[PDB]
file input14.pdb (PDB, C-alpha atoms)
MODEL        1
ATOM      1  CA  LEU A2132     138.739 201.906  84.403  1.00  0.00           C
ATOM      2  CA  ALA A2133     139.655 202.423  80.745  1.00  0.00           C
ATOM      3  CA  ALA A2134     141.076 198.888  80.782  1.00  0.00           C
ATOM      4  CA  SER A2135     137.762 197.592  82.113  1.00  0.00           C
ATOM      5  CA  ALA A2136     135.969 199.616  79.425  1.00  0.00           C
ATOM      6  CA  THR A2137     138.048 198.234  76.573  1.00  0.00           C
ATOM      7  CA  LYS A2138     137.552 194.716  77.919  1.00  0.00           C
ATOM      8  CA  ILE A2139     133.787 195.373  77.883  1.00  0.00           C
ATOM      9  CA  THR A2140     133.852 196.574  74.286  1.00  0.00           C
ATOM     10  CA  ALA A2141     136.005 193.576  73.351  1.00  0.00           C
ATOM     11  CA  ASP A2142     133.290 191.338  74.793  1.00  0.00           C
ATOM     12  CA  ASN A2143     130.713 193.296  72.778  1.00  0.00           C
ATOM     13  CA  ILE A2144     132.609 192.679  69.527  1.00  0.00           C
ATOM     14  CA  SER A2145     132.976 189.011  70.491  1.00  0.00           C
ATOM     15  CA  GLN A2146     129.221 188.590  70.998  1.00  0.00           C
ATOM     16  CA  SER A2147     128.423 190.255  67.680  1.00  0.00           C
ATOM     17  CA  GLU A2148     130.945 188.062  65.873  1.00  0.00           C
ATOM     18  CA  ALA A2149     129.576 184.920  67.519  1.00  0.00           C
ATOM     19  CA  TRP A2150     126.099 185.908  66.353  1.00  0.00           C
ATOM     20  CA  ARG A2151     127.349 186.539  62.823  1.00  0.00           C
ATOM     21  CA  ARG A2152     128.944 183.085  62.701  1.00  0.00           C
ATOM     22  CA  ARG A2153     125.650 181.719  64.033  1.00  0.00           C
ATOM     23  CA  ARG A2154     123.805 183.339  61.134  1.00  0.00           C
ATOM     24  CA  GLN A2155     126.334 181.864  58.708  1.00  0.00           C
ATOM     25  CA  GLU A2156     125.674 178.389  60.108  1.00  0.00           C
ATOM     26  CA  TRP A2157     121.941 179.042  59.771  1.00  0.00           C
ATOM     27  CA  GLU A2158     122.519 179.997  56.143  1.00  0.00           C
ATOM     28  CA  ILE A2159     124.345 176.718  55.540  1.00  0.00           C
ATOM     29  CA  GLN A2160     121.533 174.727  57.165  1.00  0.00           C
ATOM     30  CA  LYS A2161     118.945 176.715  55.196  1.00  0.00           C
ATOM     31  CA  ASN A2162     120.684 175.945  51.922  1.00  0.00           C
ATOM     32  CA  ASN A2163     120.925 172.270  52.913  1.00  0.00           C
ATOM     33  CA  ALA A2164     117.194 171.995  53.503  1.00  0.00           C
ATOM     34  CA  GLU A2165     116.444 174.105  50.434  1.00  0.00           C
ATOM     35  CA  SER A2166     118.511 171.825  48.221  1.00  0.00           C
ATOM     36  CA  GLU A2167     116.882 168.818  49.845  1.00  0.00           C
ATOM     37  CA  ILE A2168     113.471 170.147  48.768  1.00  0.00           C
ATOM     38  CA  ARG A2169     114.637 170.325  45.142  1.00  0.00           C
ATOM     39  CA  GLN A2170     116.105 166.838  45.419  1.00  0.00           C
ATOM     40  CA  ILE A2171     112.857 165.410  46.816  1.00  0.00           C
ATOM     41  CA  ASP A2172     110.872 167.187  44.090  1.00  0.00           C
ATOM     42  CA  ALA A2173     113.043 165.673  41.357  1.00  0.00           C
ATOM     43  CA  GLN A2174     112.632 162.346  43.136  1.00  0.00           C
ATOM     44  CA  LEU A2175     108.842 162.769  43.041  1.00  0.00           C
ATOM     45  CA  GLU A2176     109.074 163.478  39.316  1.00  0.00           C
ATOM     46  CA  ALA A2177     111.099 160.290  38.839  1.00  0.00           C
ATOM     47  CA  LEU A2178     108.457 158.393  40.795  1.00  0.00           C
ATOM     48  CA  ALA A2179     105.739 159.859  38.563  1.00  0.00           C
TER      49      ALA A2179
ATOM     50  CA  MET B2035      98.910 141.270  40.912  1.00  0.00           C
ATOM     51  CA  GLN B2036      99.807 144.183  38.631  1.00  0.00           C
ATOM     52  CA  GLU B2037      97.319 146.406  40.486  1.00  0.00           C
ATOM     53  CA  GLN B2038      99.144 145.749  43.759  1.00  0.00           C
ATOM     54  CA  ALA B2039     102.394 146.558  41.978  1.00  0.00           C
ATOM     55  CA  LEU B2040     100.742 149.821  40.940  1.00  0.00           C
ATOM     56  CA  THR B2041      99.389 150.767  44.376  1.00  0.00           C
ATOM     57  CA  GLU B2042     102.774 150.190  45.996  1.00  0.00           C
ATOM     58  CA  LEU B2043     103.985 153.215  44.030  1.00  0.00           C
ATOM     59  CA  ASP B2044     101.054 155.175  45.431  1.00  0.00           C
ATOM     60  CA  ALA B2045     102.412 154.292  48.864  1.00  0.00           C
ATOM     61  CA  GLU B2046     105.925 155.327  47.764  1.00  0.00           C
ATOM     62  CA  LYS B2047     104.450 158.695  46.807  1.00  0.00           C
ATOM     63  CA  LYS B2048     103.195 159.038  50.375  1.00  0.00           C
ATOM     64  CA  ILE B2049     106.721 158.301  51.647  1.00  0.00           C
ATOM     65  CA  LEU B2050     108.276 160.972  49.451  1.00  0.00           C
ATOM     66  CA  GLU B2051     105.539 163.477  50.285  1.00  0.00           C
ATOM     67  CA  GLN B2052     106.246 163.069  53.995  1.00  0.00           C
ATOM     68  CA  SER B2053     109.934 163.643  53.224  1.00  0.00           C
ATOM     69  CA  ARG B2054     108.926 166.743  51.241  1.00  0.00           C
ATOM     70  CA  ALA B2055     106.881 168.003  54.191  1.00  0.00           C
ATOM     71  CA  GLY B2056     109.768 167.497  56.614  1.00  0.00           C
ATOM     72  CA  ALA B2057     112.218 169.346  54.391  1.00  0.00           C
ATOM     73  CA  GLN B2058     109.693 172.152  53.894  1.00  0.00           C
ATOM     74  CA  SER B2059     109.391 172.430  57.671  1.00  0.00           C
ATOM     75  CA  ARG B2060     113.176 172.718  57.975  1.00  0.00           C
ATOM     76  CA  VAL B2061     113.224 175.432  55.300  1.00  0.00           C
ATOM     77  CA  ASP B2062     110.446 177.354  57.039  1.00  0.00           C
ATOM     78  CA  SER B2063     112.393 177.103  60.298  1.00  0.00           C
ATOM     79  CA  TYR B2064     115.804 178.152  59.021  1.00  0.00           C
ATOM     80  CA  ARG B2065     114.517 180.973  56.803  1.00  0.00           C
ATOM     81  CA  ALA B2066     112.829 182.401  59.882  1.00  0.00           C
ATOM     82  CA  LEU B2067     116.085 182.061  61.784  1.00  0.00           C
ATOM     83  CA  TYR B2068     118.118 183.599  58.973  1.00  0.00           C
ATOM     84  CA  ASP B2069     115.829 186.568  58.316  1.00  0.00           C
ATOM     85  CA  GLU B2070     115.782 187.581  61.960  1.00  0.00           C
ATOM     86  CA  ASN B2071     119.568 188.093  62.110  1.00  0.00           C
ATOM     87  CA  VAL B2072     119.716 189.384  65.640  1.00  0.00           C
ATOM     88  CA  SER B2073     116.595 189.697  67.718  1.00  0.00           C
ATOM     89  CA  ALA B2074     115.150 192.890  69.108  1.00  0.00           C
ATOM     90  CA  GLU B2075     116.834 192.062  72.431  1.00  0.00           C
ATOM     91  CA  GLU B2076     120.181 190.903  71.124  1.00  0.00           C
ATOM     92  CA  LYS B2077     120.406 194.465  69.826  1.00  0.00           C
ATOM     93  CA  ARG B2078     119.535 195.783  73.288  1.00  0.00           C
ATOM     94  CA  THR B2079     122.396 193.891  74.882  1.00  0.00           C
ATOM     95  CA  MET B2080     124.937 195.260  72.387  1.00  0.00           C
ATOM     96  CA  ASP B2081     123.595 198.728  73.143  1.00  0.00           C
ATOM     97  CA  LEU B2082     123.993 197.985  76.861  1.00  0.00           C
TER      98      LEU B2082
ATOM     99  CA  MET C2035     107.716 151.041  27.402  1.00  0.00           C
ATOM    100  CA  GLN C2036     111.483 151.099  26.851  1.00  0.00           C
ATOM    101  CA  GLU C2037     111.332 154.857  26.193  1.00  0.00           C
ATOM    102  CA  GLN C2038     109.768 155.413  29.616  1.00  0.00           C
ATOM    103  CA  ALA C2039     112.494 153.229  31.092  1.00  0.00           C
ATOM    104  CA  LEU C2040     114.964 155.533  29.346  1.00  0.00           C
ATOM    105  CA  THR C2041     113.408 158.822  30.482  1.00  0.00           C
ATOM    106  CA  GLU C2042     113.333 157.671  34.099  1.00  0.00           C
ATOM    107  CA  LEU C2043     117.134 157.822  33.996  1.00  0.00           C
ATOM    108  CA  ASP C2044     116.859 161.375  32.694  1.00  0.00           C
ATOM    109  CA  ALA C2045     114.868 162.120  35.839  1.00  0.00           C
ATOM    110  CA  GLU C2046     117.509 160.339  37.957  1.00  0.00           C
ATOM    111  CA  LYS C2047     120.079 162.667  36.405  1.00  0.00           C
ATOM    112  CA  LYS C2048     118.024 165.602  37.666  1.00  0.00           C
ATOM    113  CA  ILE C2049     118.058 164.074  41.168  1.00  0.00           C
ATOM    114  CA  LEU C2050     121.830 163.692  41.170  1.00  0.00           C
ATOM    115  CA  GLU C2051     122.342 167.161  39.697  1.00  0.00           C
ATOM    116  CA  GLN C2052     120.340 168.701  42.534  1.00  0.00           C
ATOM    117  CA  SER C2053     122.514 166.731  44.967  1.00  0.00           C
ATOM    118  CA  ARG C2054     125.584 168.054  43.126  1.00  0.00           C
ATOM    119  CA  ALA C2055     124.275 171.611  43.438  1.00  0.00           C
ATOM    120  CA  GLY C2056     123.656 171.227  47.170  1.00  0.00           C
ATOM    121  CA  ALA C2057     127.129 169.852  47.805  1.00  0.00           C
ATOM    122  CA  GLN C2058     128.647 172.629  45.689  1.00  0.00           C
ATOM    123  CA  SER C2059     126.774 175.156  47.820  1.00  0.00           C
ATOM    124  CA  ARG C2060     128.202 173.582  50.980  1.00  0.00           C
ATOM    125  CA  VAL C2061     131.715 173.717  49.511  1.00  0.00           C
ATOM    126  CA  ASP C2062     131.288 177.365  48.536  1.00  0.00           C
ATOM    127  CA  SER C2063     130.089 178.108  52.069  1.00  0.00           C
ATOM    128  CA  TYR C2064     132.797 176.287  53.998  1.00  0.00           C
ATOM    129  CA  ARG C2065     135.672 177.438  51.776  1.00  0.00           C
ATOM    130  CA  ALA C2066     134.554 180.996  52.457  1.00  0.00           C
ATOM    131  CA  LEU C2067     134.469 180.223  56.163  1.00  0.00           C
ATOM    132  CA  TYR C2068     137.860 178.523  56.090  1.00  0.00           C
ATOM    133  CA  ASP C2069     139.672 181.189  54.066  1.00  0.00           C
ATOM    134  CA  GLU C2070     138.530 183.973  56.357  1.00  0.00           C
ATOM    135  CA  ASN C2071     140.210 182.451  59.434  1.00  0.00           C
ATOM    136  CA  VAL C2072     139.412 185.247  61.822  1.00  0.00           C
ATOM    137  CA  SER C2073     137.441 188.247  60.696  1.00  0.00           C
ATOM    138  CA  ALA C2074     138.659 191.815  60.619  1.00  0.00           C
ATOM    139  CA  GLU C2075     136.887 192.365  63.954  1.00  0.00           C
ATOM    140  CA  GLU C2076     137.881 189.161  65.686  1.00  0.00           C
ATOM    141  CA  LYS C2077     141.391 190.544  65.260  1.00  0.00           C
ATOM    142  CA  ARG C2078     140.283 193.837  66.811  1.00  0.00           C
ATOM    143  CA  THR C2079     139.018 192.106  69.927  1.00  0.00           C
ATOM    144  CA  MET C2080     142.296 190.222  70.437  1.00  0.00           C
ATOM    145  CA  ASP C2081     144.095 193.542  70.061  1.00  0.00           C
ATOM    146  CA  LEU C2082     141.718 195.032  72.642  1.00  0.00           C
TER     147      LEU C2082
ATOM    148  CA  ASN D1018     143.762 198.631  45.470  1.00  0.00           C
ATOM    149  CA  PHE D1019     145.493 198.147  48.811  1.00  0.00           C
ATOM    150  CA  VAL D1020     144.181 201.071  50.852  1.00  0.00           C
ATOM    151  CA  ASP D1021     141.919 200.167  53.773  1.00  0.00           C
ATOM    152  CA  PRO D1022     139.666 202.742  55.474  1.00  0.00           C
ATOM    153  CA  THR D1023     139.667 200.528  58.563  1.00  0.00           C
ATOM    154  CA  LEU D1024     143.407 199.903  58.975  1.00  0.00           C
ATOM    155  CA  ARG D1025     145.809 202.801  58.433  1.00  0.00           C
ATOM    156  CA  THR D1026     149.335 203.290  59.673  1.00  0.00           C
ATOM    157  CA  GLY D1027     149.659 206.271  61.960  1.00  0.00           C
ATOM    158  CA  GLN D1028     145.981 206.007  62.864  1.00  0.00           C
ATOM    159  CA  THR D1029     145.230 207.920  66.039  1.00  0.00           C
ATOM    160  CA  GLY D1030     143.741 206.538  69.219  1.00  0.00           C
ATOM    161  CA  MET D1031     140.519 208.463  68.640  1.00  0.00           C
ATOM    162  CA  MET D1032     139.865 206.742  65.313  1.00  0.00           C
ATOM    163  CA  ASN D1033     140.747 203.402  66.880  1.00  0.00           C
ATOM    164  CA  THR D1034     138.382 203.856  69.813  1.00  0.00           C
ATOM    165  CA  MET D1035     135.660 204.939  67.409  1.00  0.00           C
ATOM    166  CA  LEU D1036     136.259 201.864  65.255  1.00  0.00           C
ATOM    167  CA  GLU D1037     135.953 199.744  68.405  1.00  0.00           C
ATOM    168  CA  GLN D1038     132.452 201.078  68.962  1.00  0.00           C
ATOM    169  CA  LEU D1039     131.319 200.670  65.355  1.00  0.00           C
ATOM    170  CA  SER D1040     132.470 197.064  65.198  1.00  0.00           C
ATOM    171  CA  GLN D1041     129.165 195.623  66.358  1.00  0.00           C
ATOM    172  CA  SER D1042     126.510 194.472  63.904  1.00  0.00           C
ATOM    173  CA  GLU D1043     123.522 196.676  64.766  1.00  0.00           C
ATOM    174  CA  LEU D1044     124.540 200.095  63.464  1.00  0.00           C
ATOM    175  CA  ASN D1045     121.498 202.322  63.788  1.00  0.00           C
ATOM    176  CA  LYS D1046     121.559 206.118  63.793  1.00  0.00           C
ATOM    177  CA  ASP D1047     121.888 206.351  67.579  1.00  0.00           C
ATOM    178  CA  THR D1048     125.020 204.198  67.950  1.00  0.00           C
ATOM    179  CA  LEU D1049     126.626 205.807  64.936  1.00  0.00           C
ATOM    180  CA  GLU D1050     125.876 209.278  66.264  1.00  0.00           C
ATOM    181  CA  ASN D1051     127.001 208.623  69.855  1.00  0.00           C
ATOM    182  CA  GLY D1052     130.294 207.227  68.592  1.00  0.00           C
ATOM    183  CA  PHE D1053     130.780 210.290  66.414  1.00  0.00           C
ATOM    184  CA  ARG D1054     130.053 212.671  69.282  1.00  0.00           C
ATOM    185  CA  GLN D1055     132.543 210.821  71.483  1.00  0.00           C
ATOM    186  CA  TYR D1056     135.117 211.024  68.683  1.00  0.00           C
ATOM    187  CA  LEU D1057     134.388 214.727  68.365  1.00  0.00           C
ATOM    188  CA  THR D1058     134.910 215.166  72.108  1.00  0.00           C
ATOM    189  CA  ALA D1059     138.356 213.573  71.881  1.00  0.00           C
ATOM    190  CA  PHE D1060     139.063 215.673  68.779  1.00  0.00           C
ATOM    191  CA  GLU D1061     138.149 218.815  70.731  1.00  0.00           C
ATOM    192  CA  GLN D1062     140.551 217.815  73.484  1.00  0.00           C
ATOM    193  CA  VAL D1063     143.497 217.252  71.155  1.00  0.00           C
ATOM    194  CA  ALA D1064     142.667 220.471  69.292  1.00  0.00           C
ATOM    195  CA  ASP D1065     142.540 222.607  72.468  1.00  0.00           C
ATOM    196  CA  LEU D1066     146.248 221.995  73.086  1.00  0.00           C
TER     197      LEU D1066
ENDMDL
END

call {"tool": "encode", "arguments": {"input": "input14.pdb", "output": "structure tokens"}}
result
Amino acid sequence: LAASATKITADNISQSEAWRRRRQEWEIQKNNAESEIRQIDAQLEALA
Amino acid sequence: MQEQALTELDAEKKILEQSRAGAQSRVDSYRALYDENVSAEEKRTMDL
Amino acid sequence: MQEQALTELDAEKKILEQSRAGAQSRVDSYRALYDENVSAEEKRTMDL
Amino acid sequence: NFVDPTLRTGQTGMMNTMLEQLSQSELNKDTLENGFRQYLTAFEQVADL
């Protein structure tokens, strides 16, 4: 029963780590779109 | 003919403004995903 | 008119520098992901 | 420079099983108090010997 318990808490740590890697991928996608805004704004200034 | 050459750039501005709107929508999506790290219910399942 | 043709390239430089900044941000993200192979807690769950 | 409050040699099983429970991301006061009370229970048991 302690083996089942430590397998459960291992699954808990695995879920939290998967969610943290998910947030890191969201941060990468956020910075991609946020740099693309600055690129499109400089491109609008070049068009002006 | 020069006036048509000048209004084509006013159409190019519409192209780049739609690109700007799409990138702003991606930023507003991923900032909302990144700020809410784990939901109120993803915390409940770690507690469970 | 030639001076406007010359300052448009100084706006194009701003476009490519924002692209350079976005790619540098992606490199700084993925090198940090790649160096930390498994986290300190992803090792704990394998131990568990 | 090289000490780690997480990993120590000779670290007991009580500290390890408390570090298991604090390894999630959401660390509010309730999780971090229940883990400490469970650690203190195990500490009581090894101190009653």

call {"tool": "resolve_selection", "arguments": {"input": "input14.pdb", "expression": "the ChimeraX specification (/A :<9) & /D", "output": "CSV table (one decimal) with C-alpha atoms, keeping the file's coordinate frame"}}
result
chain,number,residue,atom,x,y,z
D,1034,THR,CA,138.4,203.9,69.8
D,1037,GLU,CA,136.0,199.7,68.4
D,1038,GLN,CA,132.5,201.1,69.0
D,1040,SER,CA,132.5,197.1,65.2
D,1041,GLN,CA,129.2,195.6,66.4
D,1042,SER,CA,126.5,194.5,63.9
D,1043,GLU,CA,123.5,196.7,64.8

call {"tool": "residues_around", "arguments": {"input": "input14.pdb", "residues": "residue B:2059", "least_positions_apart": "5", "cutoff": "9 Å", "atoms": "all atoms listed in the file", "output": "list in words"}}
result
residues 2164 of chain A; 2054 and 2064 of chain B

call {"tool": "closest_atom_pairs", "arguments": {"input": "input14.pdb", "of": "chain B", "to": "chain A", "cutoff": "7 Å", "atoms": "only C-alpha atoms", "output": "Markdown table"}}
result
| residue | atom | partner | partner_atom | distance |
| --- | --- | --- | --- | --- |
| B:2050 | CA | A:2175 | CA | 6.7 |
| B:2054 | CA | A:2171 | CA | 6.1 |
| B:2057 | CA | A:2164 | CA | 5.7 |
| B:2058 | CA | A:2168 | CA | 6.7 |
| B:2060 | CA | A:2164 | CA | 6.1 |
| B:2061 | CA | A:2164 | CA | 5.6 |
| B:2064 | CA | A:2161 | CA | 5.2 |
| B:2065 | CA | A:2161 | CA | 6.3 |
| B:2067 | CA | A:2157 | CA | 6.9 |
| B:2068 | CA | A:2157 | CA | 6.0 |
| B:2071 | CA | A:2154 | CA | 6.4 |
| B:2080 | CA | A:2143 | CA | 6.1 |

call {"tool": "resolve_selection", "arguments": {"input": "input14.pdb", "expression": "the ChimeraX specification (/D :<10) & /C", "output": "PDB file with C-alpha atoms, in the coordinates of the input"}}
result
ATOM      1  CA  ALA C2074     138.659 191.815  60.619  1.00  0.00           C
ATOM      2  CA  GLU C2075     136.887 192.365  63.954  1.00  0.00           C
ATOM      3  CA  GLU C2076     137.881 189.161  65.686  1.00  0.00           C
ATOM      4  CA  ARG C2078     140.283 193.837  66.811  1.00  0.00           C
ATOM      5  CA  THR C2079     139.018 192.106  69.927  1.00  0.00           C
ATOM      6  CA  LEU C2082     141.718 195.032  72.642  1.00  0.00           C
TER       7      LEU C2082
END

call {"tool": "residues_around", "arguments": {"input": "input14.pdb", "residues": "residue D:1032", "least_positions_apart": "3", "cutoff": "12 Å", "atoms": "all atoms listed in the file", "output": "list in words"}}
result
residues 1022, 1023, 1024, 1025, 1026, 1027, 1028, 1029, 1035, 1036, 1037, 1038, 1039, 1052, 1053, 1055, 1056, 1057, 1058, 1059 and 1060 of chain D
